[PDB]
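Observations on the model geometry
Listed below, chain by chain, are the residues.
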Amino acid sequence: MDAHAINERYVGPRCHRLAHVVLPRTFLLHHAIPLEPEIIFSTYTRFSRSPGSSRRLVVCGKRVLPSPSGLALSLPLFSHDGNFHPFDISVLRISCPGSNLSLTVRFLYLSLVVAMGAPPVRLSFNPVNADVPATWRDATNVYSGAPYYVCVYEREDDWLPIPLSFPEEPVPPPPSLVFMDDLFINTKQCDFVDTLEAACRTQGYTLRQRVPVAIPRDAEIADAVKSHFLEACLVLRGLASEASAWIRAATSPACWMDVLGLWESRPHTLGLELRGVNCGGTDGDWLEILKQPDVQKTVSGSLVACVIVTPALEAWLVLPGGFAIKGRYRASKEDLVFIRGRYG
Amino acid sequence: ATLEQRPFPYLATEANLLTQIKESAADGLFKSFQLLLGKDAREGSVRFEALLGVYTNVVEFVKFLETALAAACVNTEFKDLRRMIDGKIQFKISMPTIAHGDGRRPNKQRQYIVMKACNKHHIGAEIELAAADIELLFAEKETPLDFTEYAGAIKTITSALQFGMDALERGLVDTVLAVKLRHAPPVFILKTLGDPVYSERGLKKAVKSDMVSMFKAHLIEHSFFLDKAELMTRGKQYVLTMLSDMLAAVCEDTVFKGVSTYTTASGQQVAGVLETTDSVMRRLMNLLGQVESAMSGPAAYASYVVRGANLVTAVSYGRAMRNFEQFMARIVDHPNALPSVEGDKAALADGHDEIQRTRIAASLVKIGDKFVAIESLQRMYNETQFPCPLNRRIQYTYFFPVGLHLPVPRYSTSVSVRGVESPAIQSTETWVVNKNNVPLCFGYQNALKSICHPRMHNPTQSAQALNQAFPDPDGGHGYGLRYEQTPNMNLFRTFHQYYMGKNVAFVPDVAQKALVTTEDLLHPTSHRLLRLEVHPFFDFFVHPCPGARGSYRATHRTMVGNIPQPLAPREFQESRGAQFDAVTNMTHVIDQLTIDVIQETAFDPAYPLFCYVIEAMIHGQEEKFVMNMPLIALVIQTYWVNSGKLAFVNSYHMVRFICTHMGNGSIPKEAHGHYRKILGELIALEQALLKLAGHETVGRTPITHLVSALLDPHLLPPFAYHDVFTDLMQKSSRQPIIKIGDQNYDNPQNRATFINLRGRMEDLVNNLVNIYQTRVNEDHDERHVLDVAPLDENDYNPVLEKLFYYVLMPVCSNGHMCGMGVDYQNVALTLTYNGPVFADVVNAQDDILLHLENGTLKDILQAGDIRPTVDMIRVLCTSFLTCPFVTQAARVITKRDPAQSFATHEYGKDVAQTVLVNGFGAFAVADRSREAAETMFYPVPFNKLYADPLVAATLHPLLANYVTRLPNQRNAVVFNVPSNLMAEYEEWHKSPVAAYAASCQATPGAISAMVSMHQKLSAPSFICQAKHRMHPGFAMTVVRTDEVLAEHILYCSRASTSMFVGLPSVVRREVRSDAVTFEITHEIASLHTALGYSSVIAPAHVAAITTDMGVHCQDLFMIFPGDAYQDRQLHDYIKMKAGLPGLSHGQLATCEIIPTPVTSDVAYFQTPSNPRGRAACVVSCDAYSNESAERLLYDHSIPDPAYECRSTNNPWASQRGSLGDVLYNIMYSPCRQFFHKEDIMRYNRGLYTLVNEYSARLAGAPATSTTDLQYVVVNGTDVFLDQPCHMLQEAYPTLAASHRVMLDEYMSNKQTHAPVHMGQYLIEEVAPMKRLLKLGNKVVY
């Protein structure tokens, strides 16, 4: 509860309003936020119907020990031109400095702005204090459905409500403007797979080897490798994720790899960088890919597929057995501005 | 405390009594002169008085040439040694061969070139000359006071100058004896290396093992040999063959063999010097009388000086040479002169034949053939209060177990001991005899300063050392890992999706450990079970993250009973539960005759199905049972008369209501007695559980919630019919989550949206049509709202429900129990749509089956053989009104206890349990009416004690197809449960609990076995078992260290070392106004002229034992200070219940606890090997092969080199990542000798490099000397430690005894005592020192 009053002094003047937010364990258990004191939070908001990017601000978070209980934060709210937008996502990115951890937690302003609604010279000494009392108002997250609390601290103030500027006609429907990200990334994945299937047709519905791996001679194994490709087309199309490898490659300034979990046997680990490997496509460059410990297991093993994305937005789908199909993400110049603004 | 520790303690306390004796400043001084002012000069003028004092001289010592130590070294006086940089000796060893007529290759000529060097030594002493004393040395004297002032200053300067020359002749003999002792390896190493009958094949891998196995055997059998021969019959004949063994093991291969340095008076030569202390020398004169007491050696040093030809090459080239005149008279004067022996002996004798002879007084002796001088140089180290170097302090390690369990065919040998022959008694302590023969106990409450510490209780330090051992694990089947939640309430849907076309059945790592015996798990054909036996308290598995390769995680075991059968066997849990009985003094109300009734109902093939229909209609309700008590008094009576068994045994609420609400003669009096005895037992169990839990509280939370799991209310009973889920939330610090399908349930303020209550039926006669409207309209596959009755806190108690379903029913049914689910609207469609129920023309008090038609009720009532009246079924029809919907399951995720909130991953802090709402567990359904059960009921396997295939195959014919297709899964321990109902790793009851109940005997002692099996395995439960002297689920081994003041015997052969004595050079370094100091330097070089070893040391006599051999555990709160629990009120509670002016026995020995499975062998603890469980000898394997020496320590593909049968004694301490490897591999830790990987790999080299390093370099971190708490040593100035366990990697066993009486039998007869009694043992000590043991008057040597 000290973490609210610290941010009013140092995050405060760099913002317009702060959304003082306390996250209970029920919200923490869903997103798997392991409360160590080393975690460095960072916040930025993704605008709608405007050029969407704001500056990243580092926000202090402290665990509250016990009347709720959970992680305490403070989210920045940005009023460009004197008013708030209702459909405007405030993104929280959770990461550790040393170890490998990256989480994205997103909040919408209508779940925040609504919840805010109810002689020697003397030197001034203003310490940080928890003297101000909290008012705890309920909220539910739109994206996961897990409850979190919002603090409203006591201080043309009581006369007005907090401003909003609702969107105007013509408009997409608000279930499709809320998930503006998950409907843009999904149609870049559904058009990526249509390039992978197009390479089968120009070859004659075949899968050719690329990686020298000896395959045991059994007829049931040769029919099982084909089943890993068709399962990989069910997973790449359903995948609409903020942290995919091709978003990391488009916002890069290095091969970006993401392994999949076929038949839901594994959760996905996305955006792994292949440092020291230049995916030129020559046969001497696949030895540097095989020196990675993941591709030795996505190929010798089973039930895991693997996608390796070049910085030129060309990607191979690596199957077990060394079979691969070159595919291409098509990103126009208008969409690179849309991606490098909101994500990079 | 500064008077004693300062040296010369008798002269210090006497000279510090001057402050009491002194009264005037001229007290002790004499009067000599008078200084008048004239000739009489007045009676009133100032007269002066010259005072004289008494000074005592510095006690001088015998010079270096007149000591008999110089028979071991060759003395030359090199005048300018501070100009020398180096000095070398170059050997050229030509080697002959044998020419033979076999087929192998003849050898060509071979040579060796050996290069020795010179070690240089530097000595400094300081001399203070007072400035008032120097000033009058140059002044003019003309009066008789200035002559006696001058003569008192010329004596002060010379006495400080005789002092500096004294401190260099002490400095010679110290630095020669320090050179001799660094190249003096002991007897037990060198006796086998000195004999070339062992190394004639070359030191192979199998010769080194036979040679290290003689390092151990001579260290035990022949050590302290002058103390072992005080109590032998032979005596002199044993010492003489021991001391002519030291005499011949030394190689007499010296360049100066022909040079005759010292002789006897008769003409023979003195072969060596045998140097002891004073106490050993006066016993070697009585065994061996002196023969001459006279020798004749040189009187002066040989003089080497750089004269006119070496001095040109010393200046200009910077290299000089010994005796240029011989090198020039051979290279140019006789260039073809071959090296002959006698023509060269004048040149090799470097002036040591020219030195004038003299008469040296030294006590010789004759040993077989050789004349050997014997000294004792203690009289020069006592005069200056420095420690003598021959009083080395040998430091041995010791180990003994405590709390083990001996296997099932228990035997004995003894005929004396009577009182402790019971099979139910188990020792929880071992008795160790102290240094002063005070037999002390090492219990668990003495063992608690290091157990209850969070280095013993986290896997985050242990899953990282396991991840550097096997960095790329194959995450295979991810079976029991996590609960995949899906939005269903149709538990017939999630059941039928999972067993439809299942052809492959997976077994986790945990369910295949609880079936393995205690000896199959340690056999080296099983890596994989033994690999993840890392920690005692936790339970490891492989998680599929990150990427495509796995990683290791851990879940806590939470109980004593989740320890597997190899590490806590079936007869141990019984004999731990019979100790629960003896302390609380509970009395079993249940006899064996009533378990004989409950067990016969559980295995009944003709159990009536109709008492499931009643129990589904009551569903645990107060009001609805009273309406039906004239019906259930017929179902019980017609099942007790028709057969000897009794009905309504399934759930707790039916057994509770029969005992309380009748109080009459409705049930027969014999049959009603068996029900009263059930609730007589359950109340008596929770009377006992509230005694051991104690009265005290940590904070807001009592300790009764935190010692056992049968009292912790976060463990819910498996069948809940009331609003138990909100009564948990309002009284919990451990924050719970109820998962009703998809939506979590967090707060009690959101109760109405998730939980819908239904009160009395008499109160709900108004809103009762609104119930039936929701039976038809609502979608019950996605309703996400559970229906339960409101609960009254003065009516129930959760412990009696928890003592019923988790203790008494898995025993008495032997685990034949499945969770039967009910479809309720299909039950009453049989009852109400009868026809004799509906038609009011039929008489109410008439028999049913006279009027009833061919339906299911004709077949269900033919099973129970019941003839009820029409009033009876019509009351059962009325229970349809407030009857709940389909049986649901709610997963209660709560956080773990504050002693258990250390986890590898983030989900690992949360323990979980699925509670079947509105369902009831049920036995094997009768096979004559499976057709009627197939129209009403369906099975829900949701818990380890409630997932049984032989019961679940009866309820639905698809699982009867699943059991008969693959008969692997016919066991309860093995059987697969759907991933939407249970994950085993996120669970309280975690299969080794479910494997005990299937193999019981259903004994009244097996009831109390289960109650002492739900004992929390945490830190503040170990306090509550240590007060009552219980046994927690693990034994432990102790490790100590003990010092010995050993008086040694050094032998050193003739003329081996050759010394180079420089000249003393005075350097002034300070001038003050008060005094002038100086510093006399004196540089010595020394070289070893022989090739092999030329001096041999041996422990001869123990002067004293320094460290007392008493129990004192090392508290881990001082060593790891930064660790703490999550609480502060619970870290201050444990630190309070766990934990010097002056000590009485001696320096306290630190004891270190290595926890161990309770099935480990006692026969390991008798033979002296290390407490790792595997041997750590690295001298055996190949030289400089670091990859090969690691397979000895940590690989388990091979058996350990000690035992060809097993692989490891304790897997909790041997392996990579285990708790022994986590704590002690990185105050003083005796376990750092054995576990530290870097220190063990120093002994991988060739065994002659180890012998050179042995005596020279001190080992890795030994203990300090004469400090109260046994600290770790640093700077090693006067530190004389000799630890032979750091090389051999073994610890020697002590006296241990599980009971007091076993040690009273060892005293009375040393031969015929039984080493293994029934439950108790005794380790007879196998140590390199033997002692007298006196307990009273009786002596055992």
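As stated in the entry header, the method of structure determination is cryo-EM and the reported resolution is 3.8 Å.

Residues and elements named next belong to chain B. Burial of strand β13 (residues 393-402) is extensive: ten of the ten residues sit out of reach of the surface. Side chains of β13 alternate between two faces, with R393, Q395, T397, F399 and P401 and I394, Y396, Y398, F400 and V402 buried alike. Pairing of β13 with strand β35 (residues 1281-1282), which is carried by two bridges, proceeds in the parallel orientation. Its bridge partner being in β35, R393 is matched across the sheet by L1281. Across ten bridges, β13 lies against strand β29 (residues 1035-1053) in antiparallel orientation. The residue bridging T397 from the neighbouring strand is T1041, located in β29. As paired elements, β13 and strand β36 (residues 1292-1293) share two bridges and run parallel to each other.

All names here are of chain A. In spatial order, the strands read β2-β5-β6; together these three strands make up an open sheet with antiparallel pairing. The open sheet is flanked by β2 (40-46) and β6 (102-108), the only strands paired with a single partner. Mean inter-strand twist for the sheet, computed between neighbouring axes without regard to direction, equals 20°. In terms of strand pairing, β2 meets strand β5 (residues 89-95) through seven bridges, oriented antiparallel. Along β5, the bridge assignment pairs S42 with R93.

With that settled, consider the sheet that holds strand β1 (residues 17-24) of chain A. Residue and element names in this part refer to chain A. Reading across from one edge, β3-β4-β1-β8-β7 is the order of the five strands in this open sheet, with antiparallel pairing throughout. Strands with a single pairing partner mark the edges of an open sheet, and in this sheet they are β3 (62-63) and β7 (136-140). Judged from the two bridges that link them, β1 and strand β8 (residues 147-151) form a sheet pairing that is antiparallel. In the sheet register, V21 faces β8, and the bridge partner there is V150. Sheet strands touched by helix α1 (residues 2-10): β1, β3, β4 (70-77) and β8. Its angle to β1, the strand with the most contacts, is close to 160°.

A few words now on a nonpolar patch on the surface. Residue and element names in this part refer to chain B. Taken together, the side chains of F8, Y10 and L11 define a hydrophobic patch exposed on the protein surface, amounting to about 350 Å² of accessible area. Inspection of the secondary structure puts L11 in helix α1 (residues 9-15). Since its relative accessible area comes to 52%, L11 is described here as exposed.

Any pair of aromatic rings gets described here by the distance separating the centres and the angle formed by the planes. By the definition in use, this model includes 42 aromatic pairs over all chains. Seen from their ring centres, A:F184 and A:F338 are 4.7 Å apart, and the 75° between their planes marks the pair as edge-to-face. Classification of A:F184 by relative accessible area gives buried; the value is 14%. Judged by its relative accessible area of 26%, A:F338 falls in the partly exposed class. With 5.4 Å between their ring centres and 75° between their planes, A:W286 and A:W316 make a pair best called edge-to-face. Of this pair, A:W286 sits in helix α7 (residues 286-290) while A:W316 is found in strand β12 (residues 314-318), placing the two residues 30 residues apart along the sequence. We classify A:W286 as buried; its relative accessible area is 6%. Here a set of aromatic residues connected by ring pairs shows up, and it is made of B:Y607, B:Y612, B:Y639, B:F920, B:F923 and B:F937.

Attention now goes to unusual backbone geometry. Cis geometry is found at the peptide bond from A:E169 to A:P170, where omega equals 0°. In this fold, A:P170 is placed in the loop between β8 and α3 (174-178). The linkage connecting B:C545 with the following residue, B:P546, adopts the cis geometry, with an omega of -5°. On the secondary structure map, B:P546 appears in the loop between β16 (538-543) and β17 (551-556).

So, about the state of the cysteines. Within this structure, the stated rule accounts for one disulfide over all chains. Put simply, A:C255 and A:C279 are joined by a disulfide, and their sulfur atoms are 2.0 Å apart. Separated by 24 residues along the polypeptide, A:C255 in strand β9 (residues 255-259) and A:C279 in the loop between β10 (269-274) and α7 bring together distant segments of the chain. Comparing A:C255 with A:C279, the two get one shared label, buried. Left without a disulfide partner, B:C812 is nearest to the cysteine sulfur of B:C1000, which lies 9.2 Å away. By relative accessible area, which is 1% here, B:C812 ends up buried.

Next up on the list: the side chain of B:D509. Residues and elements named next belong to chain B. In this structure, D509 sits in the loop between α16 (493-498) and α17 (527-531). Assessed through its relative accessible area of 15%, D509 is described here as buried. Other than its neighbours up to four places away in sequence, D509 contacts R528, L529, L532, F540 and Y985.

This part covers helix α9 (residues 333-342) of chain A. All names here are of chain A. Inspection of α9 places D335, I339 and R342 among the buried residues, and these make up the whole buried set. Down the axis of α9, the smallest arc covering the buried residues is 85°, so these residues share one side. Exposed residues pointing more than 90 degrees away from the buried face of α9 are listed as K333 and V337. In this structure, the buried side of α9 is in contact with β2, β5, α4 (185-203) and α6 (245-250).

Contacts between the two partners involve 20 residues from chain A, matched on the other side by 22 residues from chain B. Approximately 1800 Å² of surface area, both sides summed, lies buried where chain A meets chain B, with 49% of it carried by carbon and sulfur atoms. The tally of links between chain A and chain B comes to three salt bridges. The salt bridge involving B:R549 is made with A:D294; its shortest N-O contact spans 2.6 Å.

Looking now at the nonpolar core. Residues and elements named next belong to chain B. Core analysis: the biggest nonpolar cluster contains 131 residues, and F610, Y612, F648, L682, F920 and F937 have the highest contact counts within it. Sorting elements by how many residues they give to this core places helix α29 (residues 798-812) first, with eleven residues. Apart from the residues within four sequence positions on either side, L682 is in contact with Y652, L800, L803, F804 and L808. Counting residues in each nonpolar core, the second largest holds 69 residues, with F399, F1034, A1296 and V1316 among its members.

Time to look at the packing of helix α19 (residues 592-602) of chain B against α29(B). Residues and elements named next belong to chain B. Following both chains from N to C, one finds α19 and α29 inclined at 75°, their axes separated by 8 Å at the closest point. Classified by the angle between their axes, α19 and α29 sit roughly perpendicular to one another. Contacts from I595, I598, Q599 and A602 in α19 reach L808, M809 and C812 in α29. Its residues placed into classes, the contact of α19 with α29 shows six nonpolar, one polar and no charged.

Next up on the list: the pairing of β16(B). Residues and elements named next belong to chain B. Burial within β16 is extensive, with five of its six residues counted as buried. Across six bridges, the pairing between β16 and β17 is antiparallel. The residue of β17 that forms the bridge with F541 is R553.

Here we take up the domain arrangement of chain A. Residue and element names in this part refer to chain A. For chain A, the assigned domains read domain 1 (1-118) and domain 2 (181-344). Look at where the C-alpha atoms of domain 1 and domain 2 centre, and you get two points 33 Å apart. Contact with domain 1, which involves twelve residues of that partner, is made by eight residues of domain 2. Of the roughly 750 Å² buried between domain 1 and domain 2 on both sides combined, carbon and sulfur atoms contribute 26%.

A word on a negative patch on the surface. All names here are of chain B. A contiguous patch of negative charge on the surface is contributed by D742, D779, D781 and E782. Looking at the secondary structure, you find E782 in the loop between α28 (769-776) and β22 (786-788). Assessed through its relative accessible area of 55%, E782 is described here as exposed.

All names here are of chain B. Summed over all chains, the structure comprises 52 salt bridges over all chains. Put simply, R455 and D1123 hold a salt bridge, and the shortest N to O gap is 2.5 Å. Taken together, the residues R455 in the loop between α15 (448-451) and α16 and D1123 in the loop between α38 (1116-1119) and α39 (1131-1138) connect sequence positions 668 residues apart. The salt bridge partner of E571 is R570, with a shortest N-O separation of 3.2 Å.

To continue, consider the environment of B:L440. Residues and elements named next belong to chain B. Note on placement: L440 falls in strand β15 (residues 440-442). A C-alpha to C-alpha distance of 47 Å links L440 and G480, two positions 40 residues apart in sequence. Non-local contacts of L440, meaning those with residues more than four positions away in its chain, are made with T430, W431, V432, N434, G1110 and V1111.

Cut-off values and rules
These residue numbers run from 1 along each chain by written sequence and may not equal the entry numbers. Residues without coordinates are not shown. Note on labels: chains are lettered from A, ligands numbered from 1, in written order. Every figure given here refers to the displayed chains, which form just one part of a larger assembly. Where side-chain values are given, they derive from all heavy atoms of the structure, hydrogens and water being excluded. Residues with missing side-chain atoms are left out of burial classes, side-chain pairs and their counts. The classification of residues rests on relative accessible area computed with a 1.4 Å probe and restricted to protein chains. Under 20% of the type maximum is buried, over 50% is exposed, and intermediate values are partly exposed. Each helix is a run of DSSP H or I of at least 4 residues and each strand a run of E of at least 2, with the numbering of both proceeding from the N terminus. Criterion used throughout: strands pair if DSSP finds at least two bridges between them. To get an axis, fit a line to the C-alpha atoms, keeping to the stretch in contact for a helix; angles then go from 0 to 180 degrees between the N-to-C directions. Note on definitions: a residue-residue contact is assigned when non-hydrogen atoms from the two residues lie within 4.5 Å. A residue counts toward a patch only above 30% relative accessible area and without a salt bridge, and it is joined to like-charged neighbours within 9 Å or, for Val, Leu, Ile, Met, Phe, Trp and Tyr, to nonpolar neighbours within 5 Å. To measure how exposed things are, a 1.4 Å probe is used in the Shrake-Rupley method; for residues, cover is taken only from the protein chains shown. We define a salt bridge as a contact between a side-chain nitrogen of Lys or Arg and a carboxyl oxygen of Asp or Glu at a distance within 4 Å. Centres within 6.5 Å are what make two rings of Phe, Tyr or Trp a pair, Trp counting through its six-membered ring; a difference in plane orientation under 30 degrees is then read as stacked, over 60 as edge-to-face, and the rest as tilted. We call a pair of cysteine sulfur atoms a disulfide when they lie within 2.5 Å. Arc definition: it is the arc formed by the directions from the helix axis to the C-beta atoms. Each of two parts loses accessible area, computed with a 1.4 Å probe, when they are put together; buried area is these two losses added. The set of buried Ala, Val, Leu, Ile, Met, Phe, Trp, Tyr and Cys residues whose side-chain atoms join them within 4.5 Å is what this entry labels a nonpolar core. Oblique is the label for any angle not covered by the other classes, which are roughly parallel (under 35 degrees), roughly antiparallel (over 145) and roughly perpendicular (65 to 115). Each residue gets one label: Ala, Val, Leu, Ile, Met, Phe, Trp, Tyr, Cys and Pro are nonpolar, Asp, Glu, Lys and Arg are charged, and the others, such as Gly, are polar. Residue ranges for the domains trace back to a domain assignment, done automatically or taken from a database. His is not counted, nor are the chain ends; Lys and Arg add positive charge and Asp and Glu add negative charge. To locate a charge, take atom NZ for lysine, CZ for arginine, CG for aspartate or CD for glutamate.

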